[PDB]
file data38.csv (CSV, N, CA and C atoms)
chain,number,residue,atom,x,y,z
A,1,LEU,N,0.9,-1.2,0.0
A,1,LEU,CA,0.0,0.0,0.0
A,1,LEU,C,0.9,1.2,0.0
A,2,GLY,N,0.3,2.4,0.4
A,2,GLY,CA,1.0,3.6,0.5
A,2,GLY,C,1.1,4.2,-0.9
A,3,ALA,N,0.1,5.0,-1.3
A,3,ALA,CA,0.1,5.6,-2.7
A,3,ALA,C,0.1,4.5,-3.8
A,4,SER,N,-0.6,3.5,-3.5
A,4,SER,CA,-0.6,2.4,-4.5
A,4,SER,C,-1.0,2.9,-5.9
A,5,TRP,N,-1.8,4.0,-5.9
A,5,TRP,CA,-2.2,4.6,-7.2
A,5,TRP,C,-1.0,4.8,-8.1
A,6,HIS,N,0.1,5.1,-7.5
A,6,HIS,CA,1.3,5.3,-8.2
A,6,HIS,C,1.6,4.2,-9.2
A,7,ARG,N,1.0,3.0,-8.9
A,7,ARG,CA,1.2,1.8,-9.7
A,7,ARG,C,0.1,1.6,-10.7
A,8,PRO,N,0.3,2.0,-12.0
A,8,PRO,CA,-0.8,1.8,-13.0
A,8,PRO,C,-0.9,0.4,-13.5
A,9,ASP,N,-1.6,-0.4,-12.8
A,9,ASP,CA,-1.8,-1.8,-13.2
A,9,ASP,C,-2.6,-1.9,-14.5
A,10,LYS,N,-2.0,-1.4,-15.6
A,10,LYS,CA,-2.6,-1.4,-16.9
A,10,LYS,C,-2.4,-2.7,-17.5
A,11,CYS,N,-1.6,-3.6,-16.9
A,11,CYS,CA,-1.3,-4.9,-17.5
A,11,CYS,C,-2.5,-5.8,-17.2
A,12,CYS,N,-3.7,-5.4,-17.7
A,12,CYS,CA,-4.9,-6.2,-17.5
A,12,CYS,C,-4.6,-7.7,-17.6
A,13,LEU,N,-4.9,-8.4,-16.5
A,13,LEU,CA,-4.6,-9.9,-16.5
A,13,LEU,C,-5.5,-10.5,-17.6
A,14,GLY,N,-6.7,-10.0,-17.7
A,14,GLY,CA,-7.7,-10.5,-18.7
A,14,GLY,C,-8.0,-9.4,-19.7
A,15,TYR,N,-8.5,-9.8,-20.9
A,15,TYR,CA,-8.8,-8.9,-21.9
A,15,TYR,C,-10.3,-8.9,-22.3
A,16,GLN,N,-10.8,-7.9,-23.0
A,16,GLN,CA,-12.2,-7.8,-23.4
A,16,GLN,C,-12.8,-9.1,-23.6
A,17,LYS,N,-12.1,-9.9,-24.5
A,17,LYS,CA,-12.6,-11.2,-24.9
A,17,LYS,C,-13.6,-11.1,-26.0
A,18,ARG,N,-14.1,-9.9,-26.3
A,18,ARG,CA,-15.1,-9.7,-27.3
A,18,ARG,C,-14.6,-8.5,-28.2
A,19,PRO,N,-15.0,-8.6,-29.5
A,19,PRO,CA,-14.6,-7.6,-30.5
A,19,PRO,C,-15.6,-6.4,-30.4
A,20,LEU,N,-15.0,-5.2,-30.1
A,20,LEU,CA,-15.9,-4.0,-30.0
A,20,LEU,C,-15.8,-3.2,-31.3
A,21,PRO,N,-16.8,-2.5,-31.6
A,21,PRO,CA,-16.9,-1.7,-32.9
A,21,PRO,C,-16.1,-0.4,-32.8
A,22,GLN,N,-15.3,-0.1,-33.8
A,22,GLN,CA,-14.5,1.2,-33.8
A,22,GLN,C,-15.4,2.4,-34.1
A,23,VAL,N,-16.7,2.1,-34.3
A,23,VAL,CA,-17.7,3.2,-34.6
A,23,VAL,C,-17.7,4.1,-33.5
A,24,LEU,N,-17.4,3.7,-32.3
A,24,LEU,CA,-17.5,4.6,-31.1
A,24,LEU,C,-16.1,4.6,-30.4
A,25,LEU,N,-15.1,3.9,-30.9
A,25,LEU,CA,-13.8,3.8,-30.4
A,25,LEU,C,-13.0,5.1,-30.8
A,26,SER,N,-12.0,5.4,-30.0
A,26,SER,CA,-11.1,6.6,-30.3
A,26,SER,C,-9.7,6.1,-30.6
A,27,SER,N,-9.0,5.7,-29.6
A,27,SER,CA,-7.6,5.2,-29.9
A,27,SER,C,-7.3,4.1,-28.9
A,28,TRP,N,-6.0,3.9,-28.7
A,28,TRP,CA,-5.5,2.8,-27.8
A,28,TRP,C,-4.1,3.1,-27.3
A,29,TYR,N,-3.9,2.8,-26.0
A,29,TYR,CA,-2.6,3.0,-25.5
A,29,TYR,C,-2.0,1.7,-24.9
A,30,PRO,N,-0.7,1.5,-25.2
A,30,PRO,CA,0.0,0.3,-24.7
A,30,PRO,C,0.4,0.3,-23.2
A,31,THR,N,0.4,-0.9,-22.6
A,31,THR,CA,0.8,-1.0,-21.2
A,31,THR,C,2.3,-1.2,-21.0
A,32,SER,N,2.7,-1.3,-19.8
A,32,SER,CA,4.1,-1.5,-19.5
A,32,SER,C,4.6,-2.9,-20.0
A,33,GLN,N,5.9,-3.2,-20.0
A,33,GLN,CA,6.4,-4.4,-20.5
A,33,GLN,C,6.8,-5.3,-19.2
A,34,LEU,N,6.8,-4.7,-18.1
A,34,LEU,CA,7.1,-5.4,-16.8
A,34,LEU,C,5.9,-6.0,-16.2
A,35,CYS,N,5.1,-6.7,-17.1
A,35,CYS,CA,3.9,-7.4,-16.6
A,35,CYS,C,3.9,-8.9,-17.0
A,36,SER,N,3.2,-9.7,-16.3
A,36,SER,CA,3.1,-11.1,-16.6
A,36,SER,C,2.5,-11.3,-17.9
A,37,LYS,N,1.7,-10.4,-18.4
A,37,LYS,CA,1.0,-10.5,-19.7
A,37,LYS,C,0.3,-9.2,-20.1
A,38,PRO,N,1.1,-8.2,-20.4
A,38,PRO,CA,0.6,-6.8,-20.8
A,38,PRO,C,0.2,-6.8,-22.2
A,39,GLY,N,-0.9,-6.1,-22.5
A,39,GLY,CA,-1.4,-5.9,-23.8
A,39,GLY,C,-1.6,-4.4,-24.2
A,40,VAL,N,-2.9,-4.1,-24.4
A,40,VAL,CA,-3.2,-2.7,-24.8
A,40,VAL,C,-4.6,-2.3,-24.5
A,41,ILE,N,-4.8,-1.2,-23.9
A,41,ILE,CA,-6.2,-0.7,-23.5
A,41,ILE,C,-6.7,0.2,-24.6
A,42,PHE,N,-8.0,0.1,-24.8
A,42,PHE,CA,-8.7,1.0,-25.8
A,42,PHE,C,-9.6,2.0,-25.1
A,43,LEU,N,-9.3,3.3,-25.4
A,43,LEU,CA,-10.1,4.4,-24.8
A,43,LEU,C,-11.2,4.9,-25.8
A,44,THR,N,-12.4,4.3,-25.6
A,44,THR,CA,-13.5,4.7,-26.5
A,44,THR,C,-13.6,6.2,-26.5
A,45,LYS,N,-14.3,6.7,-27.5
A,45,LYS,CA,-14.5,8.1,-27.7
A,45,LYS,C,-15.2,8.7,-26.4
A,46,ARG,N,-16.3,8.1,-26.0
A,46,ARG,CA,-17.0,8.6,-24.8
A,46,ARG,C,-17.4,7.5,-23.9
A,47,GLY,N,-17.0,6.2,-24.4
A,47,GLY,CA,-17.4,5.1,-23.6
A,47,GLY,C,-16.4,4.9,-22.4
A,48,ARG,N,-15.6,3.9,-22.5
A,48,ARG,CA,-14.6,3.6,-21.4
A,48,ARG,C,-13.4,2.9,-21.9
A,49,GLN,N,-12.5,2.5,-21.0
A,49,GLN,CA,-11.3,1.8,-21.4
A,49,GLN,C,-11.6,0.3,-21.6
A,50,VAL,N,-10.8,-0.3,-22.5
A,50,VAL,CA,-11.0,-1.8,-22.8
A,50,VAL,C,-9.6,-2.4,-23.0
A,51,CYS,N,-9.3,-3.3,-22.1
A,51,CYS,CA,-8.0,-4.1,-22.2
A,51,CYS,C,-8.1,-5.1,-23.3
A,52,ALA,N,-7.1,-5.1,-24.2
A,52,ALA,CA,-7.1,-6.1,-25.3
A,52,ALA,C,-5.7,-6.4,-25.6
A,53,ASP,N,-5.5,-7.6,-26.4
A,53,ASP,CA,-4.2,-8.0,-26.8
A,53,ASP,C,-4.1,-8.0,-28.3
A,54,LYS,N,-3.1,-7.2,-28.8
A,54,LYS,CA,-2.9,-7.0,-30.2
A,54,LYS,C,-2.9,-8.4,-30.9
A,55,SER,N,-2.6,-9.4,-30.1
A,55,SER,CA,-2.5,-10.8,-30.6
A,55,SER,C,-3.9,-11.2,-31.2
A,56,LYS,N,-4.9,-10.7,-30.5
A,56,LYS,CA,-6.3,-11.0,-31.0
A,56,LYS,C,-6.4,-10.6,-32.5
A,57,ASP,N,-7.7,-10.6,-32.9
A,57,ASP,CA,-8.0,-10.3,-34.3
A,57,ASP,C,-8.6,-8.9,-34.5
A,58,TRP,N,-9.7,-8.7,-33.7
A,58,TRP,CA,-10.3,-7.4,-33.8
A,58,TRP,C,-9.5,-6.3,-33.1
A,59,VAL,N,-8.6,-6.8,-32.2
A,59,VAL,CA,-7.7,-5.8,-31.5
A,59,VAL,C,-6.6,-5.4,-32.5
A,60,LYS,N,-6.3,-6.3,-33.5
A,60,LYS,CA,-5.3,-6.0,-34.4
A,60,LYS,C,-5.8,-4.9,-35.5
A,61,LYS,N,-7.0,-5.2,-35.9
A,61,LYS,CA,-7.6,-4.3,-36.9
A,61,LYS,C,-7.7,-2.9,-36.4
A,62,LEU,N,-8.1,-2.8,-35.1
A,62,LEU,CA,-8.3,-1.5,-34.5
A,62,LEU,C,-6.9,-0.7,-34.5
A,63,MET,N,-5.9,-1.5,-34.1
A,63,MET,CA,-4.5,-0.9,-34.1
A,63,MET,C,-4.3,-0.2,-35.4
A,64,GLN,N,-4.7,-0.8,-36.5
A,64,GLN,CA,-4.5,-0.2,-37.8
A,64,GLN,C,-5.6,0.8,-38.1
A,65,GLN,N,-6.8,0.6,-37.5
A,65,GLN,CA,-7.9,1.6,-37.7
A,65,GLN,C,-7.6,2.8,-36.9
A,66,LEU,N,-7.0,2.7,-35.8
A,66,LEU,CA,-6.7,3.8,-34.9
A,66,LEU,C,-5.2,4.0,-34.8
A,67,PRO,N,-4.8,5.2,-34.4
A,67,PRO,CA,-3.4,5.6,-34.3
A,67,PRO,C,-2.8,5.1,-32.9
A,68,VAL,N,-2.9,6.0,-31.9
A,68,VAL,CA,-2.4,5.6,-30.6
A,68,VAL,C,-2.4,6.9,-29.7
A,69,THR,N,-2.7,6.7,-28.4
A,69,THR,CA,-2.7,7.8,-27.5
A,69,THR,C,-1.3,8.3,-27.2
A,70,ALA,N,-1.0,9.4,-27.8
A,70,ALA,CA,0.4,10.0,-27.6
A,70,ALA,C,0.3,11.4,-27.1
A,71,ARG,N,0.5,11.6,-25.8
A,71,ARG,CA,0.5,12.9,-25.2
A,71,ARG,C,1.0,12.9,-23.7

call {"tool": "encode", "arguments": {"input": "data38.csv", "output": "structure tokens"}}
result
Amino acid sequence: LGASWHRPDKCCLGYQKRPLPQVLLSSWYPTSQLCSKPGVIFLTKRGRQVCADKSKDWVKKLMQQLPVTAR
């Protein structure tokens, strides 16, 4: 504990598991590499974040459909 927030557990242990539509998606940001199984989270336009693994199929298309959260 102690400012645990300082630790961004973005390395979602599990992923969406389902293919979401880019019709409402915005972009996607990659997690750290110091994880047991880090992938990439998708930040919908106005929806929410979604952990996914580029390894997937729909997650791959999105990567090409969207750029990446850089800021």

call {"tool": "residues_around", "arguments": {"input": "data38.csv", "residues": "range 63-71 of chain A", "least_positions_apart": "4", "cutoff": "7 Å", "atoms": "only N, CA and C atoms", "output": "ChimeraX atom specification"}}
result
/A:26-30,58-59

call {"tool": "residues_near_point", "arguments": {"input": "data38.csv", "point": "(0.7, -9.1, -21.9)", "cutoff": "8 Å", "atoms": "all atoms listed in the file", "output": "PyMOL selection string"}}
result
chain A and resi 11-13+32-33+35-40+52-53

call {"tool": "atom_distance", "arguments": {"input": "data38.csv", "atom1": "atom N of residue 21 in chain A", "atom2": "CA of residue 49 in chain A"}}
result
12.4 Å

call {"tool": "residues_around", "arguments": {"input": "data38.csv", "residues": "residue 47 in chain A", "least_positions_apart": "4", "cutoff": "8 Å", "atoms": "all atoms listed in the file", "output": "list in words"}}
result
residues 24, 25, 26, 42 and 43 of chain A

call {"tool": "select_by_dssp", "arguments": {"input": "data38.csv", "residues": "chain A", "states": "strand (DSSP E or B)", "output": "ChimeraX atom specification"}}
result
/A:27-30,40-43,49-52

call {"tool": "write_last_selection", "arguments": {"input": "data38.csv", "atoms": "N, CA and C atoms", "output": "mmCIF file, in the coordinates of the input"}}
result
data_model
loop_
_atom_site.group_PDB
_atom_site.id
_atom_site.type_symbol
_atom_site.label_atom_id
_atom_site.label_comp_id
_atom_site.auth_asym_id
_atom_site.auth_seq_id
_atom_site.Cartn_x
_atom_site.Cartn_y
_atom_site.Cartn_z
ATOM 1 N N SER A 27 -9.000 5.700 -29.600
ATOM 2 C CA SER A 27 -7.600 5.200 -29.900
ATOM 3 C C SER A 27 -7.300 4.100 -28.900
ATOM 4 N N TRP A 28 -6.000 3.900 -28.700
ATOM 5 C CA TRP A 28 -5.500 2.800 -27.800
ATOM 6 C C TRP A 28 -4.100 3.100 -27.300
ATOM 7 N N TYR A 29 -3.900 2.800 -26.000
ATOM 8 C CA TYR A 29 -2.600 3.000 -25.500
ATOM 9 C C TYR A 29 -2.000 1.700 -24.900
ATOM 10 N N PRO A 30 -0.700 1.500 -25.200
ATOM 11 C CA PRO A 30 0.000 0.300 -24.700
ATOM 12 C C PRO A 30 0.400 0.300 -23.200
ATOM 13 N N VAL A 40 -2.900 -4.100 -24.400
ATOM 14 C CA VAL A 40 -3.200 -2.700 -24.800
ATOM 15 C C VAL A 40 -4.600 -2.300 -24.500
ATOM 16 N N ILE A 41 -4.800 -1.200 -23.900
ATOM 17 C CA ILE A 41 -6.200 -0.700 -23.500
ATOM 18 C C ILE A 41 -6.700 0.200 -24.600
ATOM 19 N N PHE A 42 -8.000 0.100 -24.800
ATOM 20 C CA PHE A 42 -8.700 1.000 -25.800
ATOM 21 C C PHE A 42 -9.600 2.000 -25.100
ATOM 22 N N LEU A 43 -9.300 3.300 -25.400
ATOM 23 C CA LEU A 43 -10.100 4.400 -24.800
ATOM 24 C C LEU A 43 -11.200 4.900 -25.800
ATOM 25 N N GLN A 49 -12.500 2.500 -21.000
ATOM 26 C CA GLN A 49 -11.300 1.800 -21.400
ATOM 27 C C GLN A 49 -11.600 0.300 -21.600
ATOM 28 N N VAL A 50 -10.800 -0.300 -22.500
ATOM 29 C CA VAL A 50 -11.000 -1.800 -22.800
ATOM 30 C C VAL A 50 -9.600 -2.400 -23.000
ATOM 31 N N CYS A 51 -9.300 -3.300 -22.100
ATOM 32 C CA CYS A 51 -8.000 -4.100 -22.200
ATOM 33 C C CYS A 51 -8.100 -5.100 -23.300
ATOM 34 N N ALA A 52 -7.100 -5.100 -24.200
ATOM 35 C CA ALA A 52 -7.100 -6.100 -25.300
ATOM 36 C C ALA A 52 -5.700 -6.400 -25.600
#

call {"tool": "closest_residue", "arguments": {"input": "data38.csv", "among": "A:50, A:62, A:23, A:34", "to": "residue 8 in chain A", "atoms": "only C-alpha atoms"}}
result
A:34

call {"tool": "atom_distance", "arguments": {"input": "data38.csv", "atom1": "atom N of residue 60 in chain A", "atom2": "atom C of residue 6 in chain A"}}
result
27.6 Å

call {"tool": "atom_distance", "arguments": {"input": "data38.csv", "atom1": "atom N of residue 55 in chain A", "atom2": "atom C of residue 7 in chain A"}}
result
22.5 Å

call {"tool": "closest_residue", "arguments": {"input": "data38.csv", "among": "A:61, A:56, A:45, A:51", "to": "residue 16 in chain A", "atoms": "only N, CA and C atoms"}}
result
A:51

call {"tool": "axis_aligned_box", "arguments": {"input": "data38.csv", "around": "range 16-34 of chain A", "padding_each_side": "5 Å", "output": "lines of an AutoDock Vina configuration file"}}
result
center_x = -5.3
center_y = -2.3
center_z = -25.4
size_x = 34.8
size_y = 27.8
size_z = 28.4

call {"tool": "select_by_dssp", "arguments": {"input": "data38.csv", "residues": "chain A", "states": "helix (DSSP H, G or I)", "output": "ChimeraX atom specification"}}
result
/A:4-6,58-65
